[PDB]
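First the structure, in the form of structure tokens, and then the observations on it.
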Amino acid sequence: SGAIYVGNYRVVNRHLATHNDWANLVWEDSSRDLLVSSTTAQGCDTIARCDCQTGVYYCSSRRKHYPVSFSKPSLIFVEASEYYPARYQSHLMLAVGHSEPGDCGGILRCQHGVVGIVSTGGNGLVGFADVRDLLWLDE
Ligand SMILES: NC(=O)[C@H]1CCCN(C(=O)[C@@H](Cc2ccc(F)cc2)c2ccccc2)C1
Ligand SMILES: [Zn+2]
């Protein structure tokens with residue numbers, strides 16, 4: 001679990017969005033596994049606006065942060081799960097690292113701010129949904 005809180009927005013994995021997220025829906029994209037909802041309180045997270053390919057992510061299944069080198073956001077095949085049929089997930093970045101069910105929502109950060117959230121894993125890999133292209137989160 002986990003979310004990004006920036007301005008009057010909450011960014012979560014679309015497959016973990018709650019009834020309240022859908023009632024206050026701003027934007028969602030099944031191909032990216034992202035959903036953004038509106039909030040009443042101000043969020044203070046800073047979104048990175050950069051092309052960093054190194055950062056640190058939080059892994060809830062280890063209660064630890066790990067440094068990672070990750071690929072540029074791209075279209076990657078993701079196997080069928082109870083949440084989605086087999087498909088290409090867009091804007092996904094892969095890295096070598098531990099990730100298991102329950103880790104989605106952990107933040108990946110670089111020196112500039114929040115880069116994205118855990119969205120996929122297994123086999124010693126971890127996949128992050130990028131949020132750096134969503135410039136409207138800042139306004
Ligand atoms: N973005 C997606 O489509 C996710 C949705 C949840 C599932 N998902 C994952 O990759 C799971 C692994 C998994 C489990 C059962 C399956 F039938 C297929 C794959 C996972 C997420 C996070 C960290 C480690 C593993 C894709
Ligand atoms: Zn950066």
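Only this structure's heavy atoms are used, side chains among them; waters, hydrogens and symmetry mates stay out. Positions are given from 1, in the same order as the sequence printed here.
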Please report the closest heavy-atom contact between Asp103 and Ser60, naming both atoms and the distance. OD1-OG, 2.7 Å
Any side-chain heavy atom of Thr120 sitting closer than 4.5 Å to one from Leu94? yes
Decide whether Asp33 and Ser119 meet the rule of one side-chain donor and one side-chain acceptor closer than 3.5 Å. yes
Using a distance-only test with no angle check, is there a side-chain donor-acceptor pair under 3.5 angstrom linking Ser37 and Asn24? no
Passing candidate, side-chain hydrogen bond (donor to acceptor under 3.5 Å, both in side chains) with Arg32, options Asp133, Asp130, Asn13: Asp133
Atom OG in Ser74, atom NE2 in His91: separation rounded to 0.5 Å? 10.0 Å
Could you tell me whether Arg49 and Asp138 make a salt bridge, using a distance below 4.0 angstrom between a side-chain N and a carboxylate O? yes
Close side-chain approach of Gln42 and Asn8, heavy atoms under 4.5 Å: yes
Heavy-atom side-chain proximity of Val68 to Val56 below 4.5 angstrom: no
Closest non-hydrogen atoms of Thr39 and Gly7, given as atom of the first, atom of the second and distance, are OG1-O, 4.0 Å
On the 0 to 90° scale, with breaks at 30° and 60°, tag the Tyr84-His15 ring pair as parallel, tilted or perpendicular. perpendicular
Short N-O contact, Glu79 and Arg87, less than 4.0 angstrom: no
Taking 4.0 angstrom as the limit, do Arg14 and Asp29 come out as a salt bridge? no
Closest contact, heavy atoms only, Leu108 versus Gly55: CD1-C, 4.1 Å
Are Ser31 and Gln89 linked by a side-chain donor-acceptor pair shorter than 3.5 Å? no
Looking only at non-hydrogen atoms, find the nearest pair between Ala129 and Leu34 and report the distance. CB-CD2, 3.9 Å
Taking all heavy atoms of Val12 and all of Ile117, pick out the closest pair and write down the distance. C-CD1, 3.8 Å
Rounded to the nearest 0.5 Å, how far apart are CG of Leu134 and CG of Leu137? 5.0 Å
May I ask you to test the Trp136-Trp27 pair for a side-chain heavy-atom distance under 4.5 Å? yes
Can you find a pair of side-chain heavy atoms, one from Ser69 and one from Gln53, that are under 4.5 Å apart? no
